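Novice: Below are the structure tokens for one structure; questions will follow.
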Amino acid sequence: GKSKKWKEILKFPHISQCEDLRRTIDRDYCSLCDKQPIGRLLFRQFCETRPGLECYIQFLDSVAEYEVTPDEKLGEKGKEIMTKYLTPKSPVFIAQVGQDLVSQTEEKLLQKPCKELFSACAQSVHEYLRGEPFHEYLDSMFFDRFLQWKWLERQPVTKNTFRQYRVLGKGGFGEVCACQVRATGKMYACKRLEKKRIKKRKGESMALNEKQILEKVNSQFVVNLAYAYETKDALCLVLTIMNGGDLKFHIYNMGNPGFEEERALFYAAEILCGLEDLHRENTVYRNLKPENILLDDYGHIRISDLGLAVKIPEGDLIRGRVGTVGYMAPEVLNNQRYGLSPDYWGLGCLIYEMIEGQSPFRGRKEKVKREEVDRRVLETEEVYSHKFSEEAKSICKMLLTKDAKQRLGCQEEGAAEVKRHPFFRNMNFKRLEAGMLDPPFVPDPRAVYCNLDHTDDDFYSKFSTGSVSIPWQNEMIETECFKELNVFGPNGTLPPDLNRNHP
Ligand SMILES: Cc1[nH]c(/C=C2\C(=O)N=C3CC=C(C(=O)N[C@H](C)c4ccc(F)cc4)C=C32)c(C)c1NC(=O)c1ccoc1
């Protein structure tokens, strides 16, 4: 439901309005041709015009397909790629990959196949585009078009930019709403943080902390921040909309009182990726419990409620006793200097509680006091049943290790150590991260699974930053606002908005 005059709102500005952007934009190689979604498409579209650069883009696309291809079908896809791109007489022959590297893969495919067979060649291709083909695209109309999109991205975001519909859930310092961008129509989840509730409770640094962490991290398994604006009496965070309910609901209301091992395996594999992306920013979540694992419309999961997340300084440990009863690692209950370990303890609580149907330290029918639940986390060894395969028992007790020094994933290797666990012996992570594995449960669409100080003005400056770059560009692509607006002159000629002669 895009606005009536959305083409006027997203109307491209004349390229002369983008001179300040031309020189302030860092021209990093693939910060503009890969990371930034629209930038990637425009550079790709720049190569579509050239005959030589054409075949280099088609090759990379074919390599991406090989990485997710099933195992028994690798040797097949492998041959197709070489006979199409690496044969010297091909119509789409790759040249900048030296003959001393096409004969290399000749030996790779002569043996068993590995999903990273063409990795050597792919890097060689990018290394070529990084040079002349990139600097050419910089002086091309597509980069001028890229600046036009950036101009729109940076525009101020206010309240008329959106269209709240209902209040879906309420929590601390505010509540959550269902927000919609008018010009694009995309549905988001607004987070109305009441302004006078923050200053009273003196939690201004905790609000910023979550807002900075959310914008810095993007992922398919953690709620993303697309906008952050200030308003009268409230401060808003525009986050991903999750209509599939939480994992607590599906474990106890719509299961056994639990899941099958294979079903829990899926959700676990996605949660692990969600934690890996948060650790790439050396950020610890510390709030891993079933009601915080939400499901989207397709059946996939994301982590939410990062209010307790904090960015750990590299080589430094934090101290704090936060979390929810039962889901606090022993090192957190002890109030010690810990790192990212509490999340792997939480992941152990999650996998266990999904398969068995109860907390590993409190029965579903047991009524115990906070003190006793805590003693078991520190003094009691969990017990397993015939619902856990020998691989499912191992990962849970390894992740539920009391001593965070011998806990899985808490080594220099990180989350990579967990993915290699036999419990994920049947999980292809490259295909999961690509969204190619069908979720085990698909939520139904109609389902309903449920004062004037100046210092206050200074705190707003760092919060109300505006639209987040990557989520914003994707929104333009999702809503097909890019497909419609990204139009040029007929027969590869400059359009009016990109002609410095007549504005
Ligand atoms: C669609 C939808 N999203 C959400 C919710 C979210 C979302 O989507 N993304 C995110 C990201 C982060 C949070 C988050 O920080 N939370 C904590 C607890 C919080 C903190 C401060 C507050 F002030 C309020 C809450 C929530 C969400 C909810 C409920 C529905 N409602 C249903 O799913 C539904 C429909 C019928 O029945 C139930």
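Bear in mind that the values in this text are calculations on the coordinates, not laboratory data. We place every Cβ from the backbone using ideal geometry, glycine too, and count neighbours over all the protein chains shown.
Novice: For the chain, what class follows from the C-alpha gyration tensor (a ≥ b ≥ c being the square roots of its eigenvalues): rounded when a/c is under 1.5, otherwise prolate if a/b is larger than b/c, else oblate? Kindly include the intermediate steps, with their values, before the conclusion.
Specialist: Details: a/c = 2.07, a/b = 1.24, b/c = 1.66.
Oblate.
Novice: For residue 200 paired with residue 28, estimate the spin-label separation in nm (one decimal), with each label point 7 Å from Cα along the Cα-to-Cβ line.
Specialist: Going by the 7 Å Cα→Cβ label model, 4.2 nm.
Novice: Taking the Cα centre of the stretch 122-220 as origin, work out the dipole magnitude from +1 charges on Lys and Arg Cβ and -1 charges on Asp and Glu Cβ, in debye rounded to 20. The partial results should precede the final answer.
Specialist: Numbers: 21 positive and 11 negative charges, 277 e Å.
Using only the charged Cβ atoms, the result is roughly 1340 debye.
Novice: What distance in nm lies between label points placed 7 Å from Cα along the C-beta direction at residue 168 and residue 391?
Specialist: Modelled inter-label distance: 3.4 nm.
Novice: Between residue 412 and residue 369, what's the calculated FRET efficiency when r is the beta-carbon distance and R0 is 41 Å? Round to 0.05. Let's see the in-between values first.
Specialist: On the way: r = 39 Å, r/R0 = 0.94.
Step by step, r from the Cβ atoms, then E = 0.60.
Novice: Specify which residue in the list 131, 355, 334 is farthest towards the positive end of the charge dipole of the chain, using unit charges on the beta carbon of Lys, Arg (+1) and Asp, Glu (-1), about the Cα centre.
Specialist: Farthest towards the positive pole: 334.
Novice: Counting other Cβ atoms within 10 Å of each Cβ, which trypsin sites (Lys or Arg not before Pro) in the stretch 209-278 have at most 11 and sit in a DSSP loop?
Specialist: Working: sites: 211, 216, 232, 248, 263; in loops: 232.
Passing both the DSSP loop test and the Cβ count: 232.
Novice: Could you compute the FRET efficiency for residue 405 and residue 493, with r as their C-beta to C-beta distance and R0 at 56 Å, rounded to 0.05? Walk me through the intermediate numbers first.
Specialist: On the way: r = 65 Å, r/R0 = 1.17.
Between residue 405 and residue 493 the formula returns 0.30.
Novice: Let me ask you something else. So for the stretch 247-433, averaging the separation of alpha carbon pairs under 8 Å that are six or more residues apart and normalising by length, what relative contact order in percent results? Don't jump to the answer; show the numbers that get you there.
Specialist: Details: 275 pairs, mean separation 43.6, N = 187.
Value for the stretch 247-433: 23 percent.
Novice: Counting other C-beta atoms within 10 Å, which of 60, 350 has the fewest, and how do the rest follow? It would help to have the intermediate numbers written out before the result.
Specialist: Numbers: 60 17, 350 25.
In increasing order of surrounding Cβ atoms, one gets 60, 350.
Novice: To make sure I understand, if each residue's beta carbon is the centre and we count other beta carbons within 10 Å, what order do 176, 442 fall in, fewest to most?
Specialist: Final ranking by Cβ density, sparse to dense: 442, 176.
Novice: Next up: Classify the stretch 247-433: rounded, prolate or oblate, from the alpha-carbon gyration tensor (a ≥ b ≥ c, eigenvalue square roots; a/c under 1.5 rounded; otherwise prolate if a/b is larger than b/c)?
Specialist: Working: a/c = 1.38, a/b = 1.08, b/c = 1.28.
It is rounded, given that a/c, with a ≥ b ≥ c, falls under 1.5.
Novice: Let me ask another. Between the stretch 39-56 and the stretch 202-220, what is the C-alpha centre distance in whole Å?
Specialist: 36 Å
Novice: Decide, for the stretch 210-252, between rounded, prolate and oblate: order the square roots of the alpha carbon gyration tensor eigenvalues as a ≥ b ≥ c, take rounded if a/c falls under 1.5, and otherwise choose prolate if a/b is larger than b/c, else oblate.
Specialist: Details: a/c = 2.98, a/b = 1.65, b/c = 1.80.
Cα axes put the stretch 210-252 in the oblate bin.
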